[PDB]
């Protein structure tokens, strides 16, 4: 029951992800070095990771079918609101259940709760974020499902400042329908059971996560010296 257009969409999203997500993490050498010794010692390194990750997310978004039809202003508002959420989603691929940390192929680039804390973020974001990663990890999505969830997250009609809500909604619905149809046709029970609903529930968790991130960003960002450590893209996207 999976249409040719739907398989097309999946092929494109997979490729787009492959182009935007490097499982070697080779580019991490370019970031300011991580410092675990010290308040905000990880802030420069993780600010660079985030900023880099924002770029990669933008490049994935552009590849999504129908995203280009949207106005530039609509494209900007969608990316601005979703950026953090997609980064949290995409981060699942580095996240490991064994040690509860994000493992990027090296001990230096292996990030735990204390490293995140060293970035200036409270347990109020981090505890629910780790839970999110565990629950997402538990789902064991196919890669196809992962890429589709990211795309559906970016193209959301209810994001603040959207103008063409009717059009953003039409794009999303095609991707949602593609996902629903994929699970049914390609995803075997029992893992399939309630999988779409569970994935949609992850999008709601991401909104909460986003909201908290904003608050902690606003506090951290509010002091000038901490804001100095950030990148210019981070300042623009997350607000100056």
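Positions refer to the first chain, counted from 1. The term rigid core refers to the most C-alpha atoms you can superpose between the two forms while keeping them within 1.5 Å.
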{"property": "Outlying stretch relative to shown form, 54-62 versus 189-197 in 9 other deposited structures of this protein, C-alpha RMS (core)", "result": "189-197"}
{"property": "Length class of the unmodelled deposited segment, which would lie between residue 37 and residue 38", "result": "10 or more"}
{"property": "Selected stretch [higher average CA B-factor]: 142-150 or 69-77", "result": "69-77"}
{"property": "52-60 or 183-191, whichever carries the higher mean Cα B-factor", "result": "183-191"}
{"property": "Residue of maximum C-alpha B factor among 129, 86, 136, 97, per deposited coordinates", "result": "97"}
{"property": "Relative C-alpha B-factor of residue 114, binned into the chain's lowest, middle or highest third", "result": "highest"}
{"property": "Position of residue 222 among the chain's modelled residues by C-alpha B-factor, lowest, middle or highest third", "result": "highest"}
{"property": "Assigned third (lowest, middle, highest) for the C-alpha B factor of residue 106", "result": "highest"}
{"property": "Chain thirds of CA B-factor: placement of residue 233", "result": "lowest"}
{"property": "Third of chain Cα B-factors occupied by residue 41", "result": "highest"}
